[PDB]
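First up is the structure itself, then whatever we jot down about it.
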Amino acid sequence: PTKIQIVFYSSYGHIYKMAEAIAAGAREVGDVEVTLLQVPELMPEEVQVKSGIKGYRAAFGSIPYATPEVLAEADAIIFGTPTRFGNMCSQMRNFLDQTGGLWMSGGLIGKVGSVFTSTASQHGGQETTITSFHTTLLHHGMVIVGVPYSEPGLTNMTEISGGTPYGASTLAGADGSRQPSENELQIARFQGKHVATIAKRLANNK
Amino acid sequence: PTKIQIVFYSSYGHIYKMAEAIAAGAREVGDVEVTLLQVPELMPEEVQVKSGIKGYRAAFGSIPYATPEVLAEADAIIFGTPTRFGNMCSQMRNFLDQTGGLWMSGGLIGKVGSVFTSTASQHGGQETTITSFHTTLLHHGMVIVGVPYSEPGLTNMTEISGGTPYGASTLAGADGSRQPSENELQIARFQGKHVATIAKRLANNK
Amino acid sequence: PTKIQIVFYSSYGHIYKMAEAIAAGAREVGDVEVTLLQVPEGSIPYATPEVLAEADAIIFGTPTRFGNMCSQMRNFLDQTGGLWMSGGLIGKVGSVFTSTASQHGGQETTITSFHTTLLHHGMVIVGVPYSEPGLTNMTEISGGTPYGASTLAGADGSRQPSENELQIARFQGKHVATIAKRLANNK
Amino acid sequence: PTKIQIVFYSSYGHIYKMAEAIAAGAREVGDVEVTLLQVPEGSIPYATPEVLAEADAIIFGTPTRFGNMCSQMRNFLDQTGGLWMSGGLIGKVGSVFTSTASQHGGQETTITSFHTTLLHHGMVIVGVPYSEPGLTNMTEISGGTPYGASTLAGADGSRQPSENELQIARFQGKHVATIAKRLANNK
């Protein structure tokens, strides 16, 4: 069966929710194993307690932790990260910085890579976070898949919404209060289904 | 006086309107000369008639045409382009491809470069069009100015809006029907005022 | 058979020579049909937007213009609006190669900004994996990036594409074709 | 006086050597105060987010990690939330330099993605203009981009930064300082 890994960091739960929607879309293709994996936290125990994040992260506390070498087991990996000033977050960056051995062994070469994100504002890194993420995936020799415009949600012009042709996204607001909308989750579902379709066509032809 | 040039291509008038708002913001600083300049059209006379664009472009028909060498006269240049698949349009690209002589003479080195855009969808090249534009400005040795988050419009979370920390923007919709909103025009005004402030501080210190 | 189109613009011939190396790499894989097409401002036919729909993969070649594709390529792609709204390139393999005057003036940025456009068309993006040894060459001035093959033209365009640069290009052709073929044979 | 901070992470010393060249370039201009600060995982003090507010310009140095800044730099910048909402870096000059194992594996993309973050902080971005002859060197393998200075470390990190690469770095320091100073003296 086609193995799809969804590897994400989340502080407030936005990326976690999008991840579940991505997973749901992927499972629609059939002959597919979808696995959610979270990246290790870096933030100090205390800062974590004081921020409330410790509480928020607990909502998905039972998700197993990703490791650099487990990535080699997948046919596709869809990475999720909140933006930090238009780049991936340091938690995701440290995790990927750890894939040096995976790199020299060629472990991700020819695998399908895709990305999704979340931001506080409408155009603060909705796109740049994804495209800079793509750079690292290309270093790993992955094939890059985004979200085609055959998904109607990408052209929605009546509600504020994330979702880019580079990859799905969601808006969290300044204070992280806004939860992902149905349009945003529909776009993520499509991404998971689309990535899984492509990975399966590649995987069934070793 | 500090010379600010606003150099743009527009098909349907969206970029033209944003350009006027950028100009208005710039004129707020004082001791500043602001000049609007349009880039030459490439589209065939016939395709132009049949598209209705010939009509739309006429609304700003009296704007003088930019040339590669006139750019050397400015202290800052703020470039406007509609997106084409997350890059600047071919009209703007051909114009900039013409600046080879300007490049070897160093004519734009140390000048303030800024960019604004327009797109059909919320995250189809709102950011990527600007950042890829920045690359060409860096080749010309320009100092890059975007839109700081001290402009409240960048964090607007109640209306669909363009405007990025990389540069102002507007949404035109799938059929180009949506006109620039007040929030979008306010952000452009701020960009013009902010670019002009910086250029003036640099220009008054040769 | 898998259909590969190599769509390019070339002034000095650097891009054309790279294209020939890409095509030879692609034609190594077997049951692969490669067509070279040039974009309009010599016996290479001109590309049209409609013909692109017939490919399983398109490998685009452009010299840089200040870190973007050239206006000739930009104008060509600006004519693919019809293809876009019909979904004509969705799921097809996209790949890019370039040429530049200087060692780091747009070797990378020209390709990555090109990728943006291929993503708008719903394409699947392929670069050059580091299993190609030429990417880590540290003994001779060389183009070639993980994002796609490249060549160095020099200030006056006198510099010929090197053997290292062409072999990277050959690899990109073979690798892109191998990917396209696996997709093409699994409709 | 104009205050320049050079904030960097260095493993092998390549980035540190580049920083020393940037600082020497900056200190050429006169009435310029340059401080080197390193980001946390040696007698260079550690950077903090609050000290950055005291600079007129910040020049950031990072080795690449697959075409992005390294996690140590990323984590440091992720702690600048307070600075951000207070507007503490708005209008300050920002500039970047890097180091990579291979000739086109993130020489450019590492810098341009760093620029994104500096733009979120409202900074004014400065690269390296082509009036610096080293940028067009075509005789020796060399780093140095119009986006910012760079050095090549090699696969094992054995390669020393060359004289061409350091002179480009020196230029970037001088050029950034010259810009910062003109702004600093025109409040």
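Start at 1 and count along the chain as shown; that gives each residue its number.
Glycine residues also receive a Cβ, built from the backbone N, Cα and C atoms like all the rest.
Some features that Swiss-Prot has for this protein:
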- D:10-15, D:64-66, D:99-105, D:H120: FMN binding site (BINDING)
- D:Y12: NADP(+) binding site (BINDING)
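According to DSSP, D:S99 (FMN binding site) is assigned to a strand segment. Gap check: D:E41 and D:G42 flank 19 missing residues, and their CA atoms are separated by 11 Å. The CA atom of D:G105 (FMN binding site) is located 18 Å away from the CA atom of D:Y12 (NADP(+) binding site).
Using a cut-off of under 8 A between C-beta atoms, the binding-site residues D:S10, D:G13, D:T64, D:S102, D:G105 that neighbour chain C are D:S102, D:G105. The two recorded residues D:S99 (FMN binding site) and the residue listed as 'NADP(+) binding site' have their Cα atoms spaced 10 Å from each other.
Note: D:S10 (FMN binding site) has non-local neighbours D:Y16, D:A19, D:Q38, D:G61, D:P63, i.e. same-chain residues 6+ apart with C-beta under 8 A of its own C-beta. Listed in sequence order, D:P63, D:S99, D:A153, D:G157 are the same-chain residues six or more apart from the residue listed as 'NADP(+) binding site' with CB atoms under 8 A from its CB.
Checking the binding-site residues D:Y12, D:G13, D:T64, D:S99, D:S102, D:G105 against chain A with a Cβ-Cβ cut-off under 8 Å leaves D:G105.
Ranking the binding-site residues D:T64, D:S99, D:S102 by the number of CB atoms within 10 A of their own CB puts D:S99 at the top.
Counting other C-beta atoms within 10 Å of each candidate's C-beta, the binding-site residues D:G13, D:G105 are led by D:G105.
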